[PDB]
Asks: 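Can you read through this structure? Questions will come right after.
Sequential numbering from 1 along the given sequence is applied to the chain's residues. Whatever order the structure lists them in is the order used to number ligands and atoms, beginning at 1. Atoms considered below: every heavy atom in the structure, side chains included; atoms not considered: hydrogens, waters and symmetry mates.
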Amino acid sequence: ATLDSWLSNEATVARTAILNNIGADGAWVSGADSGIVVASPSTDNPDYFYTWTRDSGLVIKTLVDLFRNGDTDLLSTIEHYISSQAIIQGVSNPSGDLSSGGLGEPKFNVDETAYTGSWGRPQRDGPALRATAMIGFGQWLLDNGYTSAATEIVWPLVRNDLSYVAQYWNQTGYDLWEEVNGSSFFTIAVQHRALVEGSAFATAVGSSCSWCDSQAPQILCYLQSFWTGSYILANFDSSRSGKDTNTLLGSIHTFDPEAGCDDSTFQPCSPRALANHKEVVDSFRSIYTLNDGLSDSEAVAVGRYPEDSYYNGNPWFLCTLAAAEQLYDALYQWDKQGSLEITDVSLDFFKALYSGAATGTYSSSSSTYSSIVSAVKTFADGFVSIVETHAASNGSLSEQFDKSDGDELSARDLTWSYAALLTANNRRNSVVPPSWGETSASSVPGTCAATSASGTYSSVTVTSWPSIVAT
Ligand SMILES: *[C@@H]1O[C@H](CO)[C@@H](O[C@@H]2O[C@H](CO)[C@@H](O[C@@H]3O[C@H](CO[C@H]4O[C@H](CO[C@H]5O[C@H](CO)[C@@H](O)[C@H](O)[C@@H]5O)[C@@H](O)[C@H](O[C@H]5O[C@H](CO)[C@@H](O)[C@H](O)[C@@H]5O)[C@@H]4O)[C@@H](O)[C@H](O[C@H]4O[C@H](CO)[C@@H](O)[C@H](O)[C@@H]4O[C@H]4O[C@H](CO)[C@@H](O)[C@H](O)[C@@H]4O[C@H]4O[C@H](CO)[C@@H](O)[C@H](O)[C@@H]4O)[C@@H]3O)[C@H](O)[C@H]2NC(C)=O)[C@H](O)[C@H]1NC(C)=O
Ligand SMILES: *[C@@H]1O[C@H](CO)[C@@H](O[C@@H]2O[C@H](CO)[C@@H](O[C@@H]3O[C@H](CO)[C@@H](O)[C@H](O[C@H]4O[C@H](CO)[C@@H](O)[C@H](O)[C@@H]4O[C@H]4O[C@H](CO)[C@@H](O)[C@H](O)[C@@H]4O)[C@@H]3O)[C@H](O)[C@H]2NC(C)=O)[C@H](O)[C@H]1NC(C)=O
Ligand SMILES: C[C@H]1O[C@H](O[C@H]2[C@H](O)[C@@H](O)[C@@H](O[C@H]3[C@H](O)[C@@H](O)[C@@H](O)O[C@@H]3CO)O[C@@H]2CO)[C@H](O)[C@@H](O)[C@@H]1N[C@H]1C=C(CO)[C@@H](O)[C@H](O)[C@H]1O
Ligand SMILES: *[C@H]1O[C@H](CO)[C@@H](O)[C@H](O)[C@@H]1O
Ligand SMILES: *[C@H]1O[C@H](CO)[C@@H](O)[C@H](O)[C@@H]1O
Ligand SMILES: *[C@H]1O[C@H](CO)[C@@H](O)[C@H](O)[C@@H]1O
Ligand SMILES: *[C@H]1O[C@H](CO)[C@@H](O)[C@H](O)[C@@H]1O
Ligand SMILES: *[C@H]1O[C@H](CO)[C@@H](O)[C@H](O)[C@@H]1O
Ligand SMILES: *[C@H]1O[C@H](CO)[C@@H](O)[C@H](O)[C@@H]1O
Ligand SMILES: *[C@H]1O[C@H](CO)[C@@H](O)[C@H](O)[C@@H]1O
Ligand SMILES: *[C@H]1O[C@H](CO)[C@@H](O)[C@H](O)[C@@H]1O
Ligand SMILES: *[C@H]1O[C@H](CO)[C@@H](O)[C@H](O)[C@@H]1O
Ligand SMILES: *[C@H]1O[C@H](CO)[C@@H](O)[C@H](O)[C@@H]1O
């Protein structure tokens with residue numbers, strides 16, 4: 001269709017735009033140091049000309065997956081990023097120093113100096129996301145015989161971030177949207193993931209991560225509290241409803257292609273994640289004029305949370321794409337398992353798309369399976385069409401699009417918007433990320449304990465990168 005062709009061309013635009021936003025050769029961000037991912041080239045109204053640990057980590061993880069799939073030209077970009085982080089980790093900032101909380105700092109100036117003004121800090125999801133991005137490259141390094149780079153450069157940087165996660169996971173902080181000071185689903189979910197793959201990586205380089213091991217099961221134990229019985233609570237200590245795309249992001253970014261539809265880890269096809277998906281998406285159906293007239297079986301423009309007032313509260317490209325990505329992941333999981341199950345928890349999600357839905361197990365060769373996956377694929381593609389409809393003619397994706405007229409607003413050419421497009425497109429094409437070991441990390445302890453474990457901190461100096469040839 002035109003969606004297919006638009007996506008193929010947009011994926012090329014997205015890759016280029018991301019590179020334009022990374023220093024020190026990025027065309028849109030002169031001033032940014034080497035390997036510094038800038039959130040947006042917008043220097044004013046709003047000023048997003050800074051580097052966020054979260055956006056950077058999410059973007060780099062996307063680039064690492066493309067690289068491992070054959071986009072070898074991204075190698076230098078990844079190396080520069082890792083080199084820049086060795087410096088950033090040691091930058092004394094309002095959150096602290098390397099070993100005293102500095103790693104939880106949300107953003108920095110593009111020249112690698114600390115941002116000293118007031119900001120919602122700390123944001124504990126950053127160290128987890130940065131660790132996950134680096135671990136993926138470290139795995140490639142190990143697999144391709146560059147053991148030294150993995151052991152001496154990557155591992156020590158990762159060890160710092162994992163120590164921060166294990167030490168402070170059970171403390172409040174700001175959510176990914178930088179507004180709620182409390183405890184957040186997305187954050188807890190990505191932290192659990194980071195400790196699990198961090199322990200596997202530590203073992204691989206001949207070291208260990210005892211703190212990853214003791215804390216991961218406890219974080220997972222706590223993660224269960226976010227399920228309300230009908231949807232996933234985005235944050236504790238909040239007065240909002242709790243329906244928030246924060247939860248869809250938590251699911252797609254902790255998706256493991258080897259995982260079943262596990263409720264404990266909220267995988268994309270888990271009854272809990274599907275039930276949550278309908279609750280979150282439905283919360284935007286009546287608040288945006290842009291959604292007027294659409295029925296419940298049709299995709300709609302999705303924002304962050306229904307109570308949002310940032311720029312008056314509008315749909316976001318990355319949030320609308322996350323709604324589609326969770327479904328592409330679920331389709332992949334159902335296909336790989338050879339069946340789909342409908343339970344009392346997920347019945348409403350399915351019934352909205354296929355009125356004949358009934359609880360039961362449906363094999364991939366059954367008529368019901370076929371009807372359901374077709375309906376789900378159409379629904380998912382629907383979200384992507386809404387994005388296509390509001391992107392600029394040359395493919396530019398801003399942070400938000402107007403709730404009434406769909407015009408682009410807020411930060412222009414948002415790097416995260418482009419990475420979200422690349423991942424949704426990949427999943428749509430059944431291109432999945434490497435597994436993180438969910439299959440041996442979904443067991444919940446019988447009793448949850450408020451605890452922590454302190455790891456270790458040590459400053460890393462990147463003397464030089466070996467002549468790595470990636471073919
Ligand atoms: C698809 O096509 C689109 C359209 O062409 C492409 O998007 C355009 O991309 C160009 C860059 O190639 C952008 O140029 C920059 O513009 C800003 C000013 O932007 C504001 O004003 C624009 C003009 O407004 C007026 O005209 C329009 C009609 O043309 C009219 O409608 C409007 O009412 C008004 O009359 C606006 O268009 C623009 O809006 C956009 O952004 C909004 C905010 O994000 C968003 O909400 C909107 O929806 C819209 O998207 C906005 O209001 C210039 O400031 C900027 O100049 C800097 O960069 C150039 C080099 O790139 C440099 O020569 C300048 O000296 C200056 O450099 C500073 O900033 C750089 C980073 O931006 C930095 O690297 C430099 O070192 C330097 O930084 C230092 O100083 C700053 C001072 O603030 C400081 O903060 C730093 O710390 C540091 O010390 C560019 O000229 C267009 O804005 C943009 N247009 C649109 C509509 O988006 C798109 O890229 C294409 N996509 C693809 C994939 O190809
Ligand atoms: C550190 O780790 C410990 C151990 O894991 C954490 O302790 C657990 O904390 C959770 C969350 O407080 C707690 O769960 C609550 O149990 C209560 C009953 O014992 C419930 O009343 C409470 O209900 C809320 O959550 C439900 C979903 O589970 C919602 O359906 C319900 O509407 C409630 O949500 C509203 O109210 C809360 C106030 O609790 C508010 O913050 C929300 O925004 C929302 O408005 C929870 O189920 C566990 O019992 C605790 N476990 C133990 C063993 O003590 C601790 O929270 C961690 N601390 C940090 C900072 O990480
Ligand atoms: C970029 C960021 O901007 C906004 O956040 C800041 C607010 O503008 C400030 O007002 C202040 O928010 C405080 C509230 O006013 C207060 O009522 C209470 O909620 O505490 C808040 C924190 O102290 O500071 C905010 C920064 O912490 C906007 O609300 C926020 O959502 C924006 N974040 C986006 C930007 C990027 C960069 O691409 C992403 O990393 C985030 O995920 C986006 O959500
Ligand atoms: C998640 O992982 C646990 C082990 O930690 C399994 O028991 C479960 O079946 C799933 O694979
Ligand atoms: C599954 O595994 C976890 C540890 O990962 C245990 O805590 C749980 O009791 C179950 O054996
Ligand atoms: C948190 O609590 C656990 C036990 O509940 C300890 O093992 C840990 O050292 C920390 O005190
Ligand atoms: C994390 O916090 C626990 C308390 O829950 C401490 O015992 C531990 O030393 C670390 O500081
Ligand atoms: C956590 O606590 C341990 C023991 O005090 C330290 O070694 C570590 O640096 C972190 O502060
Ligand atoms: C924690 O442990 C690391 C790795 O063993 C040390 O290098 C560091 O100094 C701290 O003692
Ligand atoms: C802690 O560990 C780092 C990474 O190996 C070293 O650079 C530092 O000198 C200290 O041994
Ligand atoms: C590790 O941390 C030190 C400061 O404690 C820095 O000088 C070094 O560049 C690295 O970031
Ligand atoms: C890397 O190593 C250098 C010394 O070669 C230190 O100055 C830096 O703090 C980091 O440990
Ligand atoms: C690169 O190698 C130098 C050799 O002196 C170290 O000092 C530095 O810590 C980095 O590992």
Side-chain angles (χ1 to χ4, degrees), residues 21 37-42 44-59 94-108 110 115 117-126 129 159-160 162-182 184 186-187 190 210-211 214-215 218-219 222 234-235 237-240 244-246 249-250 253 303-305 307-314 316-319 322 397-400 410-420 448-459:
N21 284 171
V37 180
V38 185
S40 160
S42 183
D44 174 56
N45 312 306
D47 181 359
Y48 275 32
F49 201 65
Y50 299 96
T51 181
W52 272 257
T53 299
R54 162 179 52 262
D55 301 45
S56 299
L58 286 177
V59 170
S95 287
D97 288 341
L98 170 66
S99 67
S100 55
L103 302 181
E105 182 69 359
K107 71 178 188 176
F108 298 85
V110 305
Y115 174 73
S118 296
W119 202 254
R121 50 169 65 88
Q123 281 171 34
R124 312 191 201 272
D125 61 311
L129 294 176
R159 193 178 56 193
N160 282 333
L162 298 176
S163 292
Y164 178 95
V165 173
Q167 183 176 179
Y168 301 107
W169 70 263
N170 197 215
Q171 294 302 127
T172 55
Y174 286 80
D175 66 316
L176 78 171
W177 307 137
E178 326 190 269
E179 305 157 330
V180 183
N181 180 211
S184 201
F186 171 87
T187 304
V190 303
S210 64
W211 57 96
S214 67
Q215 302 310 288
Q218 287 306 321
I219 293 179
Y222 177 42
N235 303 275
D237 310 307
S238 179
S239 54
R240 305 172 184 163
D244 189 323
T245 302
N246 156 320
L249 288 164
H253 289 301
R304 301 191 297 177
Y305 47 97
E307 305 86 0
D308 195 3
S309 55
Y310 183 48
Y311 281 102
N312 293 306
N314 299 280
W316 282 42
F317 283 105
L318 73 89
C319 293
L397 297 177
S398 61
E399 179 186 77
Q400 312 180 25
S410 189
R412 69 183 176 271
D413 293 304
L414 189 78
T415 319
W416 191 355
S417 284
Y418 293 117
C448 303
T451 194
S452 90
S454 178
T456 189
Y457 299 103
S458 190
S459 180

Asks: Just which atoms of ligand 3 are under 4.0 Å from any heavy atom in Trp416?
Replies: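 The list of qualifying atoms is 42 (O).
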Asks: Hey, does the side chain of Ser238 reach the backbone of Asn235 with a donor-acceptor pair shorter than 3.5 angstrom?
Replies: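 No, the answer is negative, given that no donor and acceptor are paired below the 3.5 Å cut-off.
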Asks: Against heavy atoms of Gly455, which atoms of ligand 8 measure under 4.0 Å?
Replies: 8 (C)
Asks: I need the nearest protein heavy-atom contact for atom 4 (C) of ligand 3: residue, atom name and distance, please.
Replies: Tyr310 CE1, 4.0 Å
Asks: So, for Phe108 and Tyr50, is the gap between ring centers shorter than 6.0 Å?
Replies: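 For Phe108 and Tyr50, the ring centres are not under 6.0 Å apart.
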Asks: Do you see a donor-acceptor pair shorter than 3.5 Å between the side chains of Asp244 and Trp177?
Replies: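 Yes, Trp177 and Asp244 have a side-chain donor paired with an acceptor closer than 3.5 Å.
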Asks: For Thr51 and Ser56, does a side-chain donor sit closer than 3.5 Å to a side-chain acceptor?
Replies: yes
Asks: Evaluate the 4.0 Å heavy atom contact test for atom 10 (O) of ligand 3: does a protein atom fall under the cut-off?
Replies: no
Asks: Would you say atom 40 (O) of ligand 3 has a protein heavy atom nearer than 4.0 Å?
Replies: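 So atom 40 (O) of ligand 3 has protein heavy-atom neighbours under 4.0 Å.
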Asks: Does ligand 3 have an atom under 4.0 Å from some heavy atom of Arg304?
Replies: yes
Asks: Please report which non-hydrogen protein atom sits nearest to atom 9 (O) of ligand 8, along with the residue it belongs to and the distance in Å to one decimal place.
Replies: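 Minimum-distance protein heavy atom for atom 9 (O) of ligand 8 reads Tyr457 CD1, 3.6 Å.
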Asks: Can you sort out the partners of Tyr457 under ring-ring contact (aromatic ring centres under 6.0 Å, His included), two or more places apart, ordered by chain and number?
Replies: none
Asks: I'd like to know if the side chain of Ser184 pairs up with that of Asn246 as donor and acceptor (distance under 3.5 Å, no hydrogens or angles considered).
Replies: yes
Asks: For ligand 3, is any non-hydrogen atom under 4.0 Å from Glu179's backbone (N, CA, C, O), its side chain (CB onward), both, or neither?
Replies: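 It is both backbone and side chain that touch ligand 3.
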Asks: Report the part of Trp177 in contact with ligand 3, treating N, CA, C, O as backbone and CB onward as side chain, heavy atoms under 4.0 Å; options are side chain, backbone, both, neither.
Replies: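 The answer is both, backbone and side chain.
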Asks: Nearest to atom 33 (N) of ligand 3 by heavy atom, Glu178, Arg54, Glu399: which?
Replies: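 Nearest option to atom 33 (N) of ligand 3, by heavy atoms: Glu178.
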Asks: Quick one, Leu103 and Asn160 - any side-chain contact, counting heavy atoms below 4.5 Å?
Replies: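 Heavy-atom side-chain distance check passes, below 4.5 Å.
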Asks: Is there a heavy atom in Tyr50 that sits closer than 4.0 Å to ligand 3?
Replies: no
Asks: Look at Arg304 together with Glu179 and state whether they make a salt bridge at an N to O cut-off of under 4.0 Å.
Replies: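 Salt bridge between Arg304 and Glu179, a charged N being under 4.0 Å from a carboxylate O: yes.
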Asks: Would you say atom 6 (C) of ligand 3 has a protein heavy atom nearer than 4.0 Å?
Replies: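 No, there is no protein heavy atom closer to it than 4.0 Å.
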Asks: Do side-chain atoms of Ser309 reach the backbone of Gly313 as a donor and acceptor pair under 3.5 angstrom?
Replies: no
Asks: Examine the side chains of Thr415 and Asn21 and answer whether a donor and an acceptor come within less than 3.5 Å of each other.
Replies: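 Their side chains do contain a donor-acceptor pair, which is all the 3.5 Å distance test asks for.
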Asks: Hydrogens and angles aside, do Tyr48 and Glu399 bring a side-chain donor and acceptor to less than 3.5 Å of each other?
Replies: yes
Asks: So if I count the atoms of ligand 3 from 1 in the order they appear, which ones are less than 4.0 Å from some heavy atom of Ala39?
Replies: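 Answer for ligand 3: 38 (O).
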Asks: What atoms of ligand 3 come closer than 4.0 angstrom to any heavy atom of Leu414?
Replies: 38 (O)
Asks: With heavy atoms only and a cut-off of under 4.0 Å, state how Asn181 meets ligand 3: side chain, backbone, both or neither.
Replies: neither
Asks: Please work out whether the ring planes of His253 and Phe186 are parallel, tilted or perpendicular, with thresholds of 30° and 60°.
Replies: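 Answer is perpendicular, since the angle exceeds 60°.
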Asks: Under 3.5 Å between some N or O of ligand 7 and some N or O of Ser454?
Replies: no
Asks: Examine the side chains of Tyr174 and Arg124 and answer whether a donor and an acceptor come within less than 3.5 Å of each other.
Replies: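 No pair is found: no donor N or O on one side chain lies under 3.5 Å from an acceptor on the other.
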Asks: Any protein heavy-atom neighbour for atom 26 (C) of ligand 3 (distance below 4.0 angstrom)?
Replies: yes
Asks: Report the nearest protein non-hydrogen atom to atom 4 (C) of ligand 7: residue, atom name, distance rounded to 0.1 Å.
Replies: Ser452 OG, 4.1 Å
Asks: Looking at ligand 3, is there an atom of it that comes within less than 4.0 Å of some heavy atom belonging to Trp316?
Replies: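 So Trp316 counts as touching ligand 3.
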Asks: Can you list the ligand 7 atoms lying under 4.0 Å from a non-hydrogen atom of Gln167?
Replies: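 The atoms of ligand 7 under 4.0 Å from a heavy atom of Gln167 are 1 (C).
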Asks: Hey, is atom 44 (O) of ligand 3 under 4.0 Å from any protein heavy atom?
Replies: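 Answer yes: something from the protein, a heavy atom, is under 4.0 Å.
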Asks: Taking the six-membered ring where the residue is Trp, are the ring centres of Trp316 and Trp416 under 6.0 Å apart?
Replies: no
Asks: Pick whichever of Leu176, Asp47, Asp125 has a heavy atom sitting closest to atom 42 (O) of ligand 3.
Replies: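 Nearest heavy atom to atom 42 (O) of ligand 3 lies in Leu176.
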Asks: Taking all atoms of both residues into account, what is the closest heavy-atom pair of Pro106 and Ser95, and its distance?
Replies: CD-OG, 4.5 Å
Asks: Which is it for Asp55 and ligand 3 at heavy atoms under 4.0 Å: side chain, backbone, both or neither?
Replies: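 Answer for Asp55: side chain.
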Asks: Please report whether atom 2 (O) of ligand 8 has a protein non-hydrogen atom at a separation of less than 4.0 Å.
Replies: yes
Asks: Look only at the side chain of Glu307 and the backbone of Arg240, and say whether a donor-acceptor pair between them is shorter than 3.5 Å.
Replies: no
Asks: Verify the contact flag for atom 29 (O) of ligand 3, where contact means a protein heavy atom under 4.0 Å away.
Replies: yes
Asks: Are any of the protein's heavy atoms under 4.0 angstrom from atom 18 (C) of ligand 3, yes or no?
Replies: yes
Asks: Under the 4.0 Å line, does any protein heavy atom show up next to atom 14 (C) of ligand 3?
Replies: no
